[PDB]
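Student: just the structure for this:
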Amino acid sequence: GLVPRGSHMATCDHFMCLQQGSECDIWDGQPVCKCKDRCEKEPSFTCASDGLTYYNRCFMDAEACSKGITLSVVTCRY
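Tutor: Residues are numbered from 1 along each chain as shown. Next comes the structure:
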């Protein structure tokens with residue numbers, strides 16, 4: 001438990017990542033944004049602004065993050 005006095009690890013509390021589906025992580029002592037990529041297999045089919053359909057909103061967000069884009073929900077019509 002010996003540490004340099006007047007030092008602390010970095011934390012994500014006061015940072016936000018604007019990219020849909022992303023979250024802050026600490027890498028090499030600095031905040032960075034990374035895609036979460038973890039969702040429940042709980043169906044809630046979601047049509048999106050790209051014209052495609054997602055298993056739920058979490059999967060929509062994960063695709064948005066993977067592509068570096070923004071996807072919004074639209075009504076499915078049939």
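
Student: not counting its neighbours along the chain, what's nearest residue 40?
Tutor: residue 58 (6.7 Å; C-beta to C-beta, 6 or more residues apart in numbering). (Each C-beta comes from the backbone N, C-alpha and C, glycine too.)

Student: neighbours of the one you found, how many?
Tutor: Around residue 58 there are 18 other residues, counting by other C-beta atoms under 10 Å.

Student: I figured it hits residue 43, correct?
Tutor: No. Here residue 58 lies out of contact with residue 43, judged by C-beta atoms under 8 Å, at a distance of 11.2 Å.

Student: and residue 72, how many neighbours?
Tutor: Neighbours of residue 72 (other C-beta under 10 Å): 11.

Student: now do the contacts for it.
Tutor: Residues near residue 72 by C-beta atoms under 8 Å, 6 or more residues apart in numbering: 48-49.

Student: this protein: helices as residue ranges?
Tutor: Secondary structure of the chain by DSSP state H: the helices cover 57-67.

Student: burial check on residue 54, number of neighbours?
Tutor: Around residue 54 there are 21 residues (other C-beta under 10 Å).

Student: and it, bridged to which residues?
Tutor: Beta-bridge partners of residue 54, counted by DSSP bridges, are residue 46.

Student: do you know how far it is from residue 74?
Tutor: Taking C-beta to C-beta, to the nearest Å as the measure, residue 54 falls 11 Å from residue 74.

Student: likewise residue 30?
Tutor: Per C-beta to C-beta, residue 30 is found 37 Å from residue 74.

Student: compare neighbour counts for the two and give me the winner.
Tutor: The neighbour count for residue 30 versus residue 74, taken as other C-beta under 10 Å, is higher for residue 74 (13 against 9).

Student: would you agree that one is in contact with residue 47?
Tutor: Yes. With contact defined as C-beta under 8 Å, residue 74 counts as touching residue 47 (4.9 Å).

Student: ranges for the strands of the protein?
Tutor: Taking DSSP state E to define them, one finds strands in the chain at 22-27, 30-35, 46-48, 53-54, 73-74.

Student: between these, which gets nearest to residue 1?
Tutor: Closest approach to residue 1 among the strands of the chain (C-beta to C-beta): strand 22-27, 20.1 Å.
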